[PDB]
Amino acid sequence: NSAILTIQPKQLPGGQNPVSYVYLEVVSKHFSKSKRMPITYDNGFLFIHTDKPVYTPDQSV
Amino acid sequence: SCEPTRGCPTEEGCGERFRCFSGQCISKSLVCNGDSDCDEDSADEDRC
């Protein structure tokens with residue numbers, strides 16, 4: 001089977017420093033383990049399209 | 001006999017550490033150390 005899960009982005013305890021590690025846990029009838037999985041705030045993609053690859057002065061990008 | 005809501009616990013091996021035939025775990029620095037580091041079955045001494 002698969003779950004779909006996430007770190008909910010607002011729910012991290014956060015502040016001035018990032019949480020750099022998290023635990024992934026299974027609680028089956030028969031077994032549990034944690035494991036220190038990393039997380040990254042590098043989520044999804046950003047792609048940046050400029051109306052030209054070049055400009056002069058007195059233009060707007 | 002009894003139908004349990006309890007699971008049988010699984011049993012778990014050694015990861016980064018070497019594992020003997022019993023399921024005990026031992027450091028990889030003790031594989032082919034030439035002592036018997038695995039208590040009974042010396043899998044650390046197999047075919048070196």
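Numbering starts at 1 and runs along the chain as displayed.
Determination method: electron microscopy, 3.5 Å.
Cβ coordinates are placed from backbone N, Cα and C, and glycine is handled just like the others.
Swiss-Prot lists B:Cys14-B:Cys25 (among others) with the feature disulfide bond. In the three-state DSSP assignment, the secondary structure recorded for B:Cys25 (disulfide bond) is strand.
Cβ-based neighbour count (10 Å, all protein chains) for B:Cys20 (disulfide bond) stands at 18. Reduced to three states, the DSSP call for B:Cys20 (disulfide bond) is coil. Among the features that Swiss-Prot reports, disulfide bond is placed at B:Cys20-B:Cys38 (among others), with the record citing experimental evidence.
Close to B:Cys32 (disulfide bond) in the fold, though at least 6 residues off in sequence, lie B:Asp44, B:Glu45, B:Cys48, each with a CB less than 8 Å from its CB. In the three-state DSSP assignment, the secondary structure recorded for B:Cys32 (disulfide bond) is coil. Feature annotation from Swiss-Prot assigns disulfide bond to B:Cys32-B:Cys48 (among others).
Listed in sequence order, the residues of the same chain lying 6 or more apart from B:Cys38 (disulfide bond) and placing their CB within less than 8 Å of its CB are B:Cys20, B:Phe21, B:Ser22, B:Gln24, B:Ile26, B:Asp44, B:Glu45.
Spatially close to B:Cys25 (disulfide bond) yet at least six residues away along the chain are B:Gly13, B:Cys14, B:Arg17, B:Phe18, B:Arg19, judged by Cβ distances under 8 angstroms.
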